[PDB]
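The chain below stands alone and is given as structure tokens, in the form deposited without the partner chain.
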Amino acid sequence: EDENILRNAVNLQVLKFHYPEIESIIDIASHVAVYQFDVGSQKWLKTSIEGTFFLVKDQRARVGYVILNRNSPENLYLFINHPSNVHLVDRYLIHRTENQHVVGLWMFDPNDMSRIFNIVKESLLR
């Protein structure tokens, strides 16, 4: 347990370095791949973003997530603005930002997927 504590303290500072508005880590999942829906072609594309997923909250307690990319300096930090914008479909978390902007997340471990989904919904529960 103690090695994980230090690891989360280090991860949070890596996060704050790229994204100083991040206040804390809610939860984590390893080996997440990111896809984008090209509706100008009706095709999913796999992005170059794969790495550790961090569900985080703002200093204003807005909920979002970061994927620290294991391939490049280009990470991804997105907000989850409305809980109904996130759907568990098949093996994927589908995240729709209003006006037809859709990303999809694949978590290596199926248990991370349904756990993170619940934590996302409960984090926004009001």
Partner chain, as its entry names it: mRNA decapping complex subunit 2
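Numbering follows the first chain given and starts at 1.
The form deposited with the partner chain bound is left out here; the points below concern that form.
**Student:** Are 24, 57 and 63 jointly within 4.5 Å of the partner chain in the bound PDB entry, each by at least one heavy atom?
**Tutor:** Verified in the bound PDB entry; spot residues all out of contact, no.
**Student:** Test of understanding: in the bound PDB entry, would residue 11 fall inside 4.5 Å of the partner chain by heavy atoms?
**Tutor:** Within the cut-off, so yes.
**Student:** State yes or no: in the bound PDB entry, is some non-hydrogen atom of residue 18 no more than 4.5 angstroms from a non-hydrogen atom of the partner chain?
**Tutor:** Yes.
**Student:** Closest heavy atom of residue 52 to the partner chain in the bound PDB entry, within 4.5 Å or not?
**Tutor:** Because a heavy atom of residue 52 falls inside 4.5 Å of the partner chain in the bound PDB entry, the answer is yes.
**Student:** Taking the partner chain as it sits in the bound PDB entry, is residue 80 in contact with it (heavy atom to heavy atom, 4.5 Å or less)?
**Tutor:** Contact with the partner chain, no.
**Student:** Just give me the residues of 67-88, first to last, that have a heavy atom within 4.5 Å of the partner chain in the bound PDB entry.
**Tutor:** Contacting residues: 68, 69, 70, 71, 72, 73, 75.
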